[PDB]
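Q: Pasting a structure below so you can have a look.
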Amino acid sequence: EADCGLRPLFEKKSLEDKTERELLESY
Amino acid sequence: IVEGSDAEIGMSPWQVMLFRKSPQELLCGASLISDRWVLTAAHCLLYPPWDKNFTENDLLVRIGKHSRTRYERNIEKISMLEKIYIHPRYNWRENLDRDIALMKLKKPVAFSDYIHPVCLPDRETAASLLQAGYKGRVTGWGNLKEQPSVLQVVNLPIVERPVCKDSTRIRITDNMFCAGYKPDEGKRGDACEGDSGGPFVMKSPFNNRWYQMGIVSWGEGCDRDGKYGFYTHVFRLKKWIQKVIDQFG
Amino acid sequence: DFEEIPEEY
Ligand SMILES: CC(C)(C)OC(=O)NCC(=O)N1CCC[C@H]1COC(=O)Cc1cccc(Cl)c1
Ligand code: NA
Ligand code: NA
């Protein structure tokens, strides 16, 4: 949807989970 | 899911569980792509070589779960299947080419901090992020080696098609990709029995959103050196997903 | 090993 892919307990609060940077870093 | 870490709460709010009503048991993974659509792997419903052909009334959809076996009251939601739709050219016979299927739930599920859909990729995000070396994430309640207490998570890099083709004797198609570390690359981890149908997702550095790039499809063993997990290429079967949803909806 | 989902499902 227009709101897919945004987690309420992370993205929507601008909190990062513990390993998402590991993904970012490969990109 | 073979090492593997416990998920964080709400870390994958689109993660769905395919549950068998009797005997009450975990069947497969799946993902929520809208309030009334769940995405899963065809082989999770239909796979004649193992005497498997589930119909709607045999299954239940559980959304928002953290614990594998507990019934998470006030947090998870269980839904009923109005209808199953398997890809017409799903090749269960030879190599699980087009290992994909849609499930319309009977009623729309309510979003929460624990319940939220993932996006489906577009050609540009896909061309963008489906690259050898780029890591994706896979989650699931499957085996921990060739049984977890909570939803497991693992980030895996996409592997070069050649390496992929060269690791197995089975014929690979354009509708699949593989992920997993090389024997070299020190780190390991893989999907395993039970995670099937679960999502492979990536976070776009462009808009900060999570997209499901792949569906857990098959592997030869789990976390075997020189072997990789193979995932259904979701962007590729997108027109089929679109078509199905724009009509039976 | 799966705790009882409600009968109403
Ligand atoms: C599937 C096929 C290619 C025909 O080759 C076989 O040996 N057949 C037996 C088998 O394997 N099956 C039959 C279909 C499903 C798969 C078992 O589930 C997985 O490999 C999940 C799983 C396990 C590990 C990683 C991933 Cl990504 C997914
Ligand atoms: Na080969
Ligand atoms: Na491996």
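Here, A, B, ... name the chains of the structure tokens in the order displayed, residue numbers run from 1 inside each chain, and ligands are numbered from 1 in the same displayed order.
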Can you work out which residues are within 6 Å of ligand 3, considering only C-alpha atoms and all ligand atoms, and then hand them over as a PyMOL selection string?

A: chain B and resi 180-181+223-228

Q: What residues in chain B have any atom no more than 12 Å from chain A when counting only C-alpha atoms, and can you write them as a ChimeraX atom specification?

A: /B:4-15,31-37,111-121,128-138,153-158,201-212

Q: Please identify every polymer residue within 7 Å of ligand 1, using only C-alpha atoms and all ligand atoms, and present the set as a VMD selection string.

A: chain B and resid 43 47 94 to 96 170 190 to 196 216 to 222 229 to 231

Q: Just to be explicit: take each residue in the selection above, keep C-alpha atoms, and write the result as a PDB file, in the first residue's frame.

A:
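Okay, this is what ended up in part_2.pdb:
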```pdb
ATOM      1  CA  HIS B  43       5.012 -26.034  -2.748  1.00  0.00           C
ATOM      2  CA  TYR B  47       3.611 -30.769  -3.903  1.00  0.00           C
ATOM      3  CA  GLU B  94      11.133 -30.672 -11.961  1.00  0.00           C
ATOM      4  CA  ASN B  95      12.532 -27.692 -10.055  1.00  0.00           C
ATOM      5  CA  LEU B  96       9.851 -25.545  -8.324  1.00  0.00           C
ATOM      6  CA  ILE B 170      19.242 -28.975 -10.734  1.00  0.00           C
ATOM      7  CA  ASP B 190      20.466 -20.389   5.797  1.00  0.00           C
ATOM      8  CA  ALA B 191      16.769 -21.038   5.534  1.00  0.00           C
ATOM      9  CA  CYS B 192      15.731 -24.609   6.394  1.00  0.00           C
ATOM     10  CA  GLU B 193      12.690 -26.879   6.489  1.00  0.00           C
ATOM     11  CA  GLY B 194       9.825 -24.865   7.933  1.00  0.00           C
ATOM     12  CA  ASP B 195      10.797 -21.397   6.645  1.00  0.00           C
ATOM     13  CA  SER B 196       9.474 -22.226   3.181  1.00  0.00           C
ATOM     14  CA  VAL B 216      11.965 -19.095   0.451  1.00  0.00           C
ATOM     15  CA  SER B 217      11.713 -21.921  -2.023  1.00  0.00           C
ATOM     16  CA  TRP B 218      14.245 -24.741  -1.812  1.00  0.00           C
ATOM     17  CA  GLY B 219      17.723 -25.919  -0.871  1.00  0.00           C
ATOM     18  CA  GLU B 220      19.718 -29.172  -0.890  1.00  0.00           C
ATOM     19  CA  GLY B 221      20.136 -29.646   2.828  1.00  0.00           C
ATOM     20  CA  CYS B 222      20.398 -26.497   4.969  1.00  0.00           C
ATOM     21  CA  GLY B 229      19.171 -21.298  -0.621  1.00  0.00           C
ATOM     22  CA  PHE B 230      17.028 -20.705  -3.703  1.00  0.00           C
ATOM     23  CA  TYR B 231      14.262 -18.100  -3.570  1.00  0.00           C
TER      24      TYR B 231
END
```

Q: Dump as CSV the rows for residues of chain C within 7 Å of chain B: closest atom pair and distance in Å with one decimal, only C-alpha atoms counted, ordered by chain and rising residue number.

A:
```
residue,atom,partner,partner_atom,distance
C:1,CA,B:69,CA,6.6
C:2,CA,B:69,CA,4.4
C:3,CA,B:70,CA,5.2
C:4,CA,B:71,CA,6.8
C:5,CA,B:71,CA,5.9
```

Q: Given the choices B:91, B:168, B:143, B:149, which gets closest to ligand 2 if the distance is worked out from only C-alpha atoms and all ligand atoms?

A: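 Closest to ligand 2 of all the choices is B:168.
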